[PDB]
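As structure tokens, the structure follows; a few thoughts come after it.
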Number of protein chains: 6
Amino acid sequence: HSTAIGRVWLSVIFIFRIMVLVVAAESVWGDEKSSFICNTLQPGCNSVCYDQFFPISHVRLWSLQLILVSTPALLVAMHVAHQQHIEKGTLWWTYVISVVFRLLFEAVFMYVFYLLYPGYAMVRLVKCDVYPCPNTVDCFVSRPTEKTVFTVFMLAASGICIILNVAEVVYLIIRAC
Amino acid sequence: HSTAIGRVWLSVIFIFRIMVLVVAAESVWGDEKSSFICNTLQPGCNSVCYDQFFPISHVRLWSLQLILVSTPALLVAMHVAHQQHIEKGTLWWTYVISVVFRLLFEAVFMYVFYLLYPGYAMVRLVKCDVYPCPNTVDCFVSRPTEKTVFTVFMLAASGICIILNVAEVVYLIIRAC
Amino acid sequence: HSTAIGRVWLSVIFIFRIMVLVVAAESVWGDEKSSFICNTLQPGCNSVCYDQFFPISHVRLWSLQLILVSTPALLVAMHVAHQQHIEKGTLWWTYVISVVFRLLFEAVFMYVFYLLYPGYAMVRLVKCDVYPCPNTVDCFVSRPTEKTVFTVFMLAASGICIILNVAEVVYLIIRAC
Amino acid sequence: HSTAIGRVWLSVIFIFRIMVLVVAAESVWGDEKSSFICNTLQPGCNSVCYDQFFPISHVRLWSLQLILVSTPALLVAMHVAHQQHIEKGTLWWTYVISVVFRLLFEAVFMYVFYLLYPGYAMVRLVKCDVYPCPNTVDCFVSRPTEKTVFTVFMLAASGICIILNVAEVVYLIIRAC
Amino acid sequence: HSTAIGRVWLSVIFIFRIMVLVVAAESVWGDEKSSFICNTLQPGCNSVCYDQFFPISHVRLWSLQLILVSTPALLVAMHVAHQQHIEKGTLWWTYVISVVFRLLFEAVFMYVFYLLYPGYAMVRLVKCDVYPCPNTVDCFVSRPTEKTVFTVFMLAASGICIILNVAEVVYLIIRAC
Amino acid sequence: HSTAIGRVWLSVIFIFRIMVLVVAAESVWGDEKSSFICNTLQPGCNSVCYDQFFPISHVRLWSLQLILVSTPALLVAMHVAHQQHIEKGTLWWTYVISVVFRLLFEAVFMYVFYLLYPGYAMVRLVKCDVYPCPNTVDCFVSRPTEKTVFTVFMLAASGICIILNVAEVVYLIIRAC
């Protein structure tokens, strides 16, 4: 029990997302903290300002999102293996449940991205006033344009995944009827 | 002799923990000491303060926990292989013993985490007075928020593992009766 | 349904491009930002000037181009696998569509390269006036000659791929007639 | 000819030691020299003091110990393969000899550890008076507590291996009688 | 259709070249730019002087040479696979053509090496007068002796390959007659 | 045609040498140049003095030695494969020739080691007077004791290999008679 469009398209988009994350994590986000600098003589201002403006990096968010999204399919695969071992529309039901959970995980991670980083674009200069920085200090972000490009790519792929998951759920409902 | 729920769920949670540890160790905790800095001119204060506040890193604790938790299953696998070679509810007993040992290892590591790092949250600023630091010095922690997020994820997964191991033991007892 | 020349030549050129990208990314472009320096005492000038002159690195552009170009063939492979599973000139049509999409992706990425980096050659010295750099500052690029050589290689291979894709489409049309 | 307990237990402890060494070498001991610093302006004092207090690192000692301990089993495996090829209690004798050699290697490496590093604990501060350091200088060790923890783990595993090897030899003697 | 001497000897020399390149690229040439320093206070002099004296590194030249030399055999392998699929002295001709192309690639890369780096030896001190360096400055090369040794090894292997390719072509001609 | 002792012992010693080289190259010799420092303000003195005292590193010498020693066996393997393909005491002769070549390579590399580094021990302090260093300067070597230990291990293994190769040649001669 599996839709024809979904197995072809969802897997391809997932592989595309994984490949983009691999080519982006190593190089684009590698020096995100080491090259983050602020115009100040205050010790510790660089670290606290980086922590303030980047609570969790985009790459780690995408990695966690991919792991969480792949988890329900992993559970389904283990269940199928154990069923096959025991053999030596309940499956339809658990499959639709897994698809719904994948959709929910994708949507929640998109909302978390909206909360933490309102706006897809990354700015060159940020103003930080966290203790122990005196008054407000200027800090400069590493590769904001390249990071913006990769953010657009990953968000577009995630949105395509969301729409495709809704379409797959609708197809499953139609198959039931 | 193996429960249906356990083989599906415990393995999935274990794989999730391993994946999270892999995506976290390389990047989040990589610069935990190199970017640890203190507001002082005293030579050696950075190293002693880091050693004081981080006796063993979270990542190394999680790695050791995973190795120790996987050890009893490794022993069971070797015993099964050697039994199969010789063939060319004792097994039930050694399986329940291995499950109990896994539960014990998980609980002890959770207690060790409570002892070393009371509180899941990581702070930006720590006060260190270890020799040779004069009086009390301020020191700043690298990526406290991201580390807190990953700590919450790993602790939640470990607690789920503990509850699931208790459930599996109870199921084994019911199977015995 | 596949042309004799294409399967031999396109795959070889693709593998050549991948190998060149692998040998170039690690070493040639690795220190592109860390060794980028400007003649100024202004904090943050190095980072903003690098971001201005290199919105996205050549290596990341080539990696994205390769992923996007390989995507339609990936979709075709998944569709063929699912068709084979179900079995347990529509294919011609989807193959020609995939070839056209590959050609389009290659052409668009060449145009993007023209837009971002007019001229294949990389210069030693660039003049940057982005805020907060005062007036105009001199900045120096890492390994411009080697990067120019690899740019010529990759652009030549991409152009060969474009011509070969057009030839393959023409052969498919002739086969139809 | 192989004991039932040994093949299960020795291999598991060996794998545990290898895993601990892998998780420890990369991160715990990686900055052992680069972060070793002394309170002095004397050029070359850091390097000579590090060489004095750490003639060979713990990780390299453990790696050499594992290689040497695995060597007799490697020779036995090659001999078994060559015997099987030729076929296309001499074996008992060479097996007991290999077990004795493994025990000897483990014991000698434990004695070497006692000689080089008397005491399992690693100290934060060391006093170094090697030329060209003037008088006595203070030097600070990287991650002494974590290194102490991993040292305890590895020494305990090695001692368990020693006891288990003696037990296996005794079982072989009993089998002979 | 393949000569007896060539398949044994050319492949062995190719594997030797690959192994030498692998053991040399990581360590010998890794710090070729980072440890390149000039006796000046002029910003940007180090980078421009390195670019002037090393337009493309020896390691990248050897990597490109190996890829280009292996390309004709890759095309022949793809053609053989496609011929075998279709089956489910034209081959002699394409094989001799591929051998000639391999010889040509090797010779052209040797000539390029002669052009860029006249003389196998690498010097310790170079004199650089590229803008913006004032007058002439002294610059110092990293590991010139080790690089010279590896250059001699790689050039000798390439020359052996050239002679062997000529011998293989002559053998093919004799086989034709 | 192969001796019983040789296939067991030579391969084991070769694997031991490879393992020791792997565990030594990454960590022991990794900072051999970056941590090499001299007591001087003269620019370029560090690099020229390192080049003078370490023309080729021990690790690179051992890697080259292993590649060269494994080459004759590689040629023999290719010849055996091609003979087997054609089939679809000449072999004794080429085998003894390969063994003699292995012995010669090992002996020549030992002599080269004697020439470049007379004495197994590595010293902490070296005196360098190469231009442009003024007069004689003191320079300090990284991890001399650990490097000495690994040098002793590798030289002992190479000497064992030499003796074993002579024994294998003598056995082959006795087999001939």
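Quick note on labels: first sequence line is chain A, next is B, and so on, each numbered from 1.
Taking the six-membered ring for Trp and thresholds of 30 and 60 degrees, C:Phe113 and C:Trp62 have nearly parallel ring planes, at less than 30 degrees apart. A perpendicular orientation is assigned to the rings of E:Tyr50 and E:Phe36, their planes being inclined by more than 60° (bins at 30° and 60°).
Between chain C and the residues E:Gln83, E:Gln52, E:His79, E:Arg60, the largest count of heavy-atom pairs under 4.5 Å involves E:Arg60. Looking only at heavy-atom pairs under 4.5 Å with chain E, the residue among C:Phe153, C:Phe140, C:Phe150 that has the most is C:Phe140. Across E:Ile56, E:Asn46, E:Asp51, E:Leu68, the residue that shares the most heavy-atom pairs under 4.5 angstrom with chain C is E:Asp51. Contact count versus chain E (heavy atoms, under 4.5 Å) is highest, among C:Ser2, C:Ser35, C:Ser27, for C:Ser27. Counting heavy-atom pairs under 4.5 Å between each of C:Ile37, C:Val23, C:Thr145 and chain E puts C:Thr145 at the top. Counting heavy-atom pairs closer than 4.5 Å to chain C, the top-ranked of the candidates E:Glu32, E:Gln42, E:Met78 is E:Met78. Contacts with chain C were tallied for E:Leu74, E:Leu75, E:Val48, E:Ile67; E:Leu75 has the most, counting heavy-atom pairs under 4.5 Å.
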Next on the checklist: Would E:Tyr117 and E:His58 count as a ring-ring contact (aromatic ring centres under 6.0 Å, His included) here? Give the steps.
Outcome noted: CA-CA 9 Å; E:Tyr117 304 105; E:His58 297 238; 4.1 Å; yes
Item to check | Steps toward disulfide bond (SG atoms under 2.5 Å apart) verdict (E:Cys38, E:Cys133) | outcome: CA-CA 10 Å; E:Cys38 301; E:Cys133 307; over 6 Å; no
Next on the checklist: Using side chain to side chain contact (heavy atoms under 4.5 Å, CB included), reason through E:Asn39 and E:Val137 one step at a time and then give a plain yes or no.
Outcome noted: CA-CA 6 Å; E:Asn39 191 343; E:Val137 301; 6.0 Å; no
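Proximity to chain E is absent for every atom of C:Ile5, based on heavy atoms less than 4.5 angstrom apart. Heavy atoms closer than 4.5 Å to chain C are found in the side chain of E:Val130, but not in its backbone. Contact of C:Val20 with chain E is made through backbone and side chain together, with heavy-atom distances under 4.5 Å. With a threshold of 4.5 angstrom between heavy atoms, E:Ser70 does not approach chain C through any atom at all. No part of E:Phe54 comes within reach of chain C, as not one of its non-hydrogen atoms sits under 4.5 angstrom from that chain.
Taking the side chain as every heavy atom from C-beta outward, E:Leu125 and E:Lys127 approach each other to under 4.5 Å. Using a 4.5 Å heavy-atom cutoff, the side chains of C:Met154 and C:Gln65 are not in contact.
C:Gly44 approaches C:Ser47 most closely through the heavy-atom pair O-OG, 3.2 Å.
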Anything under 3.5 Å between a donor and an acceptor, one on a side chain of residues 6-14 of chain C, the other on a protein residue two or more places apart or in another chain? List them.
from: C:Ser11; atom 1: OG; to: C:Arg7; atom 2: O; distance (Å): 2.4
from: C:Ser11; atom 1: OG; to: C:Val8; atom 2: O; distance (Å): 3.3

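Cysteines E:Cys49 and E:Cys128 have SG atoms closer than 2.5 angstrom.
The interface of residues 158-175 of chain C with chain E, defined by heavy-atom distances below 4.5 Å, is empty.
Put simply, the side chain of C:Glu146 never gets that close to the backbone of C:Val28: no donor and acceptor are under 3.5 Å apart.
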